[PDB]
Amino acid sequence: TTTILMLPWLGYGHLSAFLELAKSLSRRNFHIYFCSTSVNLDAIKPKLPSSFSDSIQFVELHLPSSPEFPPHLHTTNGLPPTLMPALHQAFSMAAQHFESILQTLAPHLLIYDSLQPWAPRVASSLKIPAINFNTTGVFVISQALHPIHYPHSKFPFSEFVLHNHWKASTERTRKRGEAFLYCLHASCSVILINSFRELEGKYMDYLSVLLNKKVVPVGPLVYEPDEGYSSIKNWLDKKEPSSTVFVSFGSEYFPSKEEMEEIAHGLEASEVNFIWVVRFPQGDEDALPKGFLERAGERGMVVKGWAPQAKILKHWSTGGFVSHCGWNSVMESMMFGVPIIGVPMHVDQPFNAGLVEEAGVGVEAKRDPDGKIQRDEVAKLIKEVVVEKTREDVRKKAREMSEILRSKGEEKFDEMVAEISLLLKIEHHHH
Amino acid sequence: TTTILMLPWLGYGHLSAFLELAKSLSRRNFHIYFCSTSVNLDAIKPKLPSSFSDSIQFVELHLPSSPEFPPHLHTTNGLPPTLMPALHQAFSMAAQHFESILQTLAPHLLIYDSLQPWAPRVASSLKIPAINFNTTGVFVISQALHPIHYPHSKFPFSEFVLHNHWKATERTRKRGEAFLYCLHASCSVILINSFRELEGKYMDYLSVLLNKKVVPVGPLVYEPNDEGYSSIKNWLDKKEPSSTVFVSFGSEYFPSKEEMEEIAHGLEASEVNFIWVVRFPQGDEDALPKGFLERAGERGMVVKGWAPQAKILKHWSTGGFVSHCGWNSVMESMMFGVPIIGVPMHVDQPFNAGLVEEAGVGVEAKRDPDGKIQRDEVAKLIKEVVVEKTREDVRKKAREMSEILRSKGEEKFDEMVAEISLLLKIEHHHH
Ligand SMILES: O=c1ccn([C@@H]2O[C@H](COP(=O)(O)OP(=O)(O)O)[C@@H](O)[C@H]2O)c(=O)[nH]1
Ligand SMILES: O=c1ccn([C@@H]2O[C@H](COP(=O)(O)OP(=O)(O)O)[C@@H](O)[C@H]2O)c(=O)[nH]1
């Protein structure tokens with residue numbers, strides 16, 4: 001049996017994409033070693049059905065540990081953002097344990113994420129072929145690489161303009177982008193990416209040109225399942241159809257008090273039904289404006305910490321998704337046909353939001369010239385998309401996009417499997 | 001590799017269910033020999049994605065041939081109904097070739113349909129274990145067995161009453177004996193194409209009556225990914241949502257002119273949009289009332305011969321299904337959330353329509369005392385269910401049933417695989 005060890009970056013959204021890809025490979029008779037830290041392995045285990053455990057085994061990666069930075073913090077999930085440098089540094093120091101794991105398990109292939117340049121190096125040292133897998137979409141990467149080659153010409157296939165709030169240590173920023181691009185550039189023959197040609201094909205071809213490397217899509221990768229759902233479903237069961245927005249900002253971002261107030265007042269003014277997951281950093285309710293939940297009454301529900309996002313998005317009473325536009329959340333909303341109201345925050349999210357808007361399956365709540373979220377913009381877009389449904393074009397496009405994604409089967413993985421087959425056959429000769 | 005030879009009955013609906021079951025087994029690393037007549041293998045091949053051809057091989061079964069009954073007639077598909085006796089006899093005369101196939105390929109398991117009592121006997125003579133797989137639902141079988149054991153008591157777990165048109169000779173006994181032998185002769189279990197949410201109490205009753213375990217193998221529903229669809233799609237793309245009824249009576253029934261006239265007149269009175277599949281026997285429009293199509297205009301479409309039923313049922317503009325209530329068409333309609341307007345014709349269809357009515361996912365157009373279809377009932381039910389959506393209870397339960405069936409996965413096959421694994425381990429010792 002052909003074995004693959006998979007090494008996601010230490011974020012929950014990365015674990016998620018990597019696990020869906022592992023399921024696809026296990027269905028093609030590959031045996032998977034799924035490698036991450038124990039806190040991440042525990043968090044993602046509920047998304048692996050028992051029928052897979054025979055062919056997808058979890059393998060614990062050890063990061064350096066101290067009482068100030070213990071194992072339960074070896075993840076971006078709910079991490080204090082001022083510990084993010086520690087997490088990156090600790091991850092790079094796990095390279096020798098990673099080498100021990102690769103020497104012991106001797107997998108035939110490594111698939112690794114885009115935040116660990118050391119990973120393909122350890123694999124090369126052991127004569128193990130390694131392929132990069134990206135859990136973002138294509139648009140953001142192509143937007144990042146384009147000005148390196150064309151610093152005086154605009155990105156040529158989209159009308160998207162990145163708001164100045166996100167355009168705003170130059171060597172360190174360069175070293176981070178160099179590490180990121182190295183992971184892609186170092187990949188054996190192809191890079192894998194969680195996307196599909198109907199949405200990003202021309203960006204795929206453009207990125208392949210800039211990188212001088214084939215880009216292989218493997219998307220849509222979307223997980224489909226009481227973790228608290230019984231109470232949530234009972235409340236949703238009492239709403240009209242397409243009347244409710246889910247509100248969430250993912251696994252590794254905490255919106256500021258001022259940001260929560262603009263969103264909260266946006267929700268209130270829209271008069272929509274809403275389920276809103278509010279989170280607090282691991283060490284640390286009152287993040288919300290005074291009286292907001294009371295005025296909301298039966299229209300509002302705040303879930304603390306974590307919610308069954310997929311089940312909520314698939315409920316008949318859900319008409320919209322106020323999202324930070326993390327890529328898994330975007331793919332999920334598209335697969336389930338729920339139009340997105342974009343409130344992006346950082347990293348790839350402003351690009352994802354622009355791609356959502358450009359494809360016509362959602363809208364973006366624009367920040368003001370100070371870079372602040374606007375309660376009026378949030379309330380307006382929820383009114384048009386969800387409450388009054390005057391944006392019939394967006395709801396239709398979202399429906400049409402869901403029909404497209406629902407039609408995709410295991411053929412979406414054929415190209416990856418053939419490139420894996422070719423790569424191993426070539427390297428077996430050379431070894 | 002463990003090998004399974006599958007022998008459906010020579011109907012297209014039996015081929016279809018058996019093929020879906022073959023796919024489920026291929027995904028569990030079984031190798032499938034799919035055995036039938038060449039005219040049936042040709043008919044079903046477009047439903048088998050190319051990725052399965054390495055593990056699902058087609059094996060031709062030869063029936064006695066004559067210029068008056070040549071190979072292209074070796075199927076119920078569009079067969080003149082007066083040739084049905086010749087088809088059964090010809091099927092039974094293939095037992096020698098079937099033995100030759102079994103001796104040559106030496107499969108580890110036979111899965112056989114319920115119209116070939118000779119098939120388990122041939123397997124038993126070669127020490128090949130054999131399991132019966134029923135492509136109907138359970139309701140009809142338990143309704144057939146119940147009066148054998150309780151001739152003076154009502155069927156205990158339903159309100160359904162069979163209309164006298166269908167209630168109306170040791171030869172009937174001999175066919176019932178042959179059917180029940182196929183189930184009774186099955187090794188340890190019987191497989192059936194149903195699910196507990198709809199038929200669980202009937203499964204338990206059937207298991208007690210037969211003194212054999214009944215194993216549901218779930219919603220088996222083929223889903224495609226042009227067969228005349230682009231023209232139909234363009235037509236459908238221009239209707240309102242949920243505005244259209246698909247109309248079909250399956251693979252092996254030609255409604256009479258009197259029935260066609262009642263259905264056409266019901267369709268016209270409802271003023272619904274309709275796509276209507278009209279067929280004529282293999283050898284051989286004229287079957288419809290004068291000017292029915294011209295009066296229908298662009299609201300009506302008649303497809304001759306065959307239609308992409310699943311794609312049409314999944315289309316956003318399809319709001320109902322005027323169906324003979326073949327079980328594959330019922331399962332498909334339920335999976336796709338399309339309420340059924342029942343017009344059953346013979347065999348198991350009246351029972352399937354009753355179950356559909358019982359579940360509230362569809363309605364039955366009642367026949368007249370002498371057995372005549374009622375144009376007024378056809379029109380009334382299409383009016384209430386499709387055109388003017390006043391039967392929201394049916395729509396809702398149709399949507400709720402589709403949500404249940406959409407949530408099912410590969411686990412629906414766990415029980416069948418476990419019993420197969422046990423049966424092969426037991427008979428391995430005994431051989
Ligand atoms: O309360 C929550 C919040 C998030 N998610 C899931 O967590 C993942 C978040 O990934 P994403 O790419 O959207 O953003 P990130 O967490 O990486 O910032 C997605 O699968 C969401 O469905 C969830 O199940 N419940
Ligand atoms: O024009 C048609 C009519 C039927 N079918 C398919 O043929 C099968 C019919 O099986 P069913 O049990 O409903 O009826 P039967 O043909 O056995 O009487 C189903 O899968 C239908 O989707 C189809 O593809 N096109």
# chains A, B, ... in the order shown; residues from 1 in each chain; ligands from 1
call {"tool": "closest_atom_pairs", "arguments": {"of": "chain A", "to": "chain B", "cutoff": "9 Å", "atoms": "only C-alpha atoms", "output": "JSON lines"}}
result
{"residue": "A:27", "atom": "CA", "partner": "B:27", "partner_atom": "CA", "distance": 7.6}
{"residue": "A:29", "atom": "CA", "partner": "B:29", "partner_atom": "CA", "distance": 8.9}
{"residue": "A:51", "atom": "CA", "partner": "B:411", "partner_atom": "CA", "distance": 8.1}
{"residue": "A:224", "atom": "CA", "partner": "B:407", "partner_atom": "CA", "distance": 8.7}
{"residue": "A:225", "atom": "CA", "partner": "B:407", "partner_atom": "CA", "distance": 8.0}
{"residue": "A:407", "atom": "CA", "partner": "B:225", "partner_atom": "CA", "distance": 5.5}
{"residue": "A:408", "atom": "CA", "partner": "B:225", "partner_atom": "CA", "distance": 7.0}
{"residue": "A:409", "atom": "CA", "partner": "B:225", "partner_atom": "CA", "distance": 7.8}
{"residue": "A:410", "atom": "CA", "partner": "B:51", "partner_atom": "CA", "distance": 9.0}
{"residue": "A:411", "atom": "CA", "partner": "B:51", "partner_atom": "CA", "distance": 8.2}
call {"tool": "residues_near_ligand", "arguments": {"ligand": "ligand 2", "cutoff": "6 Å", "atoms": "only C-alpha atoms and all ligand atoms", "output": "PyMOL selection string"}}
result
chain B and resi 12-13+248+250-252+277+306-310+326-329
call {"tool": "write_last_selection", "arguments": {"atoms": "N, CA and C atoms", "output": "tab-separated table (two decimals), in the first residue's frame"}}
result
chain	number	residue	atom	x	y	z
B	12	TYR	N	-34.95	-2.93	-16.78
B	12	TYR	CA	-34.04	-1.80	-16.67
B	12	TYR	C	-33.97	-1.26	-15.24
B	13	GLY	N	-35.11	-1.22	-14.54
B	13	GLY	CA	-35.10	-0.78	-13.16
B	13	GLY	C	-34.34	-1.72	-12.25
B	248	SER	N	-43.83	10.24	-16.38
B	248	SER	CA	-43.18	9.05	-16.89
B	248	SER	C	-43.79	7.83	-16.22
B	250	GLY	N	-42.07	4.75	-16.53
B	250	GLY	CA	-40.99	3.80	-16.35
B	250	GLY	C	-40.56	3.12	-17.64
B	251	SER	N	-39.96	1.95	-17.46
B	251	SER	CA	-39.26	1.26	-18.55
B	251	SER	C	-40.08	0.18	-19.23
B	252	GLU	N	-41.13	-0.34	-18.60
B	252	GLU	CA	-41.79	-1.55	-19.09
B	252	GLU	C	-43.30	-1.44	-18.95
B	277	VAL	N	-42.77	11.77	-21.05
B	277	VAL	CA	-42.09	10.72	-21.81
B	277	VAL	C	-43.15	9.79	-22.38
B	306	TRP	N	-37.21	8.15	-24.31
B	306	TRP	CA	-36.42	8.14	-23.08
B	306	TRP	C	-36.01	9.56	-22.72
B	307	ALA	N	-35.96	9.86	-21.43
B	307	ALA	CA	-35.58	11.18	-20.96
B	307	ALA	C	-34.54	11.09	-19.85
B	308	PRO	N	-33.73	12.14	-19.68
B	308	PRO	CA	-32.85	12.20	-18.50
B	308	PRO	C	-33.66	12.50	-17.24
B	309	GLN	N	-34.22	11.45	-16.64
B	309	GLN	CA	-35.20	11.64	-15.57
B	309	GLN	C	-34.59	12.33	-14.36
B	310	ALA	N	-33.42	11.87	-13.91
B	310	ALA	CA	-32.82	12.44	-12.70
B	310	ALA	C	-32.51	13.92	-12.89
B	326	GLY	N	-42.90	3.39	-9.95
B	326	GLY	CA	-41.84	2.40	-9.89
B	326	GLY	C	-40.95	2.76	-8.72
B	327	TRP	N	-40.33	1.77	-8.07
B	327	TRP	CA	-39.63	2.06	-6.82
B	327	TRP	C	-38.40	2.92	-7.04
B	328	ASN	N	-37.67	2.70	-8.15
B	328	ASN	CA	-36.53	3.56	-8.45
B	328	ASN	C	-36.98	5.00	-8.63
B	329	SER	N	-38.10	5.21	-9.33
B	329	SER	CA	-38.64	6.55	-9.50
B	329	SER	C	-39.13	7.14	-8.18
call {"tool": "residues_near_ligand", "arguments": {"ligand": "ligand 1", "cutoff": "6 Å", "atoms": "only C-alpha atoms and all ligand atoms", "output": "number ranges by chain"}}
result
A: 12-13, 250-252, 277, 306-310, 326-329
call {"tool": "write_last_selection", "arguments": {"atoms": "C-alpha atoms", "output": "short mmCIF file (atom, residue, chain, number, x, y, z; two decimals), in the first residue's frame"}}
result
data_model
loop_
_atom_site.label_atom_id
_atom_site.label_comp_id
_atom_site.auth_asym_id
_atom_site.auth_seq_id
_atom_site.Cartn_x
_atom_site.Cartn_y
_atom_site.Cartn_z
CA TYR A 12 -7.93 24.58 12.61
CA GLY A 13 -8.92 25.67 9.11
CA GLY A 250 -13.46 31.65 12.27
CA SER A 251 -10.99 29.91 14.52
CA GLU A 252 -8.13 32.39 14.98
CA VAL A 277 -20.60 32.77 17.82
CA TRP A 306 -17.93 27.16 18.92
CA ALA A 307 -21.00 26.24 16.87
CA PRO A 308 -21.92 23.53 14.34
CA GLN A 309 -21.33 25.84 11.38
CA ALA A 310 -22.11 23.31 8.65
CA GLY A 326 -12.02 32.39 5.76
CA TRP A 327 -11.63 30.13 2.75
CA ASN A 328 -13.26 27.03 4.28
CA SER A 329 -16.20 29.16 5.41
#
call {"tool": "atom_distance", "arguments": {"atom1": "CA of residue 423 (chain A)", "atom2": "CA of residue 209 (chain A)"}}
result
20.7 Å
call {"tool": "atom_distance", "arguments": {"atom1": "CA of residue 275 (chain B)", "atom2": "CA of residue 295 (chain B)"}}
result
14.7 Å
call {"tool": "atom_distance", "arguments": {"atom1": "CA of residue 416 (chain B)", "atom2": "CA of residue 356 (chain B)"}}
result
25.6 Å
call {"tool": "select_by_dssp", "arguments": {"residues": "region 21-203 of chain A", "states": "helix (DSSP H, G or I)", "output": "PyMOL selection string"}}
result
chain A and resi 21-27+38-47+50-52+71-73+81-93+95-105+118-125+138-149+164-167+170-185+197-203
call {"tool": "residues_around", "arguments": {"residues": "residue 236 (chain B)", "least_positions_apart": "6", "cutoff": "10 Å", "atoms": "only C-alpha atoms", "output": "list in words"}}
result
residues 229, 230, 243, 244, 273, 274, 275, 312, 315, 316, 317 and 318 of chain B
call {"tool": "closest_residue", "arguments": {"among": "B:361, B:281, B:42, B:321", "to": "residue 391 (chain B)", "atoms": "only C-alpha atoms"}}
result
B:361
call {"tool": "residues_around", "arguments": {"residues": "region 67-73 of chain B", "least_positions_apart": "2", "cutoff": "9 Å", "atoms": "only C-alpha atoms", "output": "number ranges by chain"}}
result
B: 37-40, 62-65, 75-79, 83, 86-87, 282
call {"tool": "closest_residue", "arguments": {"among": "A:332, A:232, A:31, A:195", "to": "residue 108 (chain A)", "atoms": "only C-alpha atoms"}}
result
A:31
call {"tool": "closest_residue", "arguments": {"among": "B:3, B:104, B:185, B:335", "to": "residue 57 (chain B)", "atoms": "only C-alpha atoms"}}
result
B:3
